[PDB]
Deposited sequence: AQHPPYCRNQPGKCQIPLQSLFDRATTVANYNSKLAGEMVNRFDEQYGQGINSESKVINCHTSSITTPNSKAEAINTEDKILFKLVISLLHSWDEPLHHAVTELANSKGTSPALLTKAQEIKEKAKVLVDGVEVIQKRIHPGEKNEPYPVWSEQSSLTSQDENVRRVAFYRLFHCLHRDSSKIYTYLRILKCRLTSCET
């Protein structure tokens, strides 16, 4: 019988407003970005990046990002998030054999929560869009190498790339939010 506060508006239906959806997406993305920064730190205070997602071309300056069509921004956020599920799976398996293990499991879970929301928002504004294949890190076996050094460099590349992509995902979601609703 009861409904949520905002459904207290004329439209006969009752869907979550687009504004509320973008709010939730940017705060989840903000959270993953904090976690990634934490892993980057803890790892640098105890032990050239060539990220596998570099093949996905992105706008890296303000002029160009602001000019990007909304259809392409969505596509870039969704494939970047899809691309990290496997590498994280492999990392978590290695670290399972302290703190790293715990944040790795959380970011992997929240990245899946976040892509779900980004697909819902995308299908709401552009019905019938389809998402294409995303890149793979083939050298991900190095995270379990018996050689101590090659292993340390594997994790270095992993946390720093994870930090950079969390940051792009969050900036692109803020741009779309400011453009399609309210900043």
| property | result |
| --- | --- |
| Regions left out of the model, expressed as runs of the deposited sequence counted from 1 | 48 to 56, 107 to 111, 198 to 199 |
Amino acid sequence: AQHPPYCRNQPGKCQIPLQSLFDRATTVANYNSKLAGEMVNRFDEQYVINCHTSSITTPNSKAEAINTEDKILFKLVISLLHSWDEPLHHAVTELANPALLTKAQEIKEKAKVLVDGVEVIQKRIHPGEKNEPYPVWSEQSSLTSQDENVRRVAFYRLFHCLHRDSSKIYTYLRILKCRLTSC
From here on, numbers count along this sequence of modelled residues.
| query | finding |
| --- | --- |
| Which of 107 to 115 and 88 to 96 has higher mean CA B factor, as the PDB entry lists it | 88 to 96 |
| Given 22 to 30 and 150 to 158, the range whose Cα B-factors average higher in the PDB entry | 150 to 158 |
| Identity of residue with top Cα B-factor, from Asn131, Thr53, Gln122, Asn60 | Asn131 |
| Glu45 - which third its CA temperature factor falls in, relative to the rest of the chain | highest |
| Within-chain third of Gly37 by Cα B-factor, per the entry | lowest |
| CA B-factor ranking of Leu176, expressed as a third of its chain | lowest |
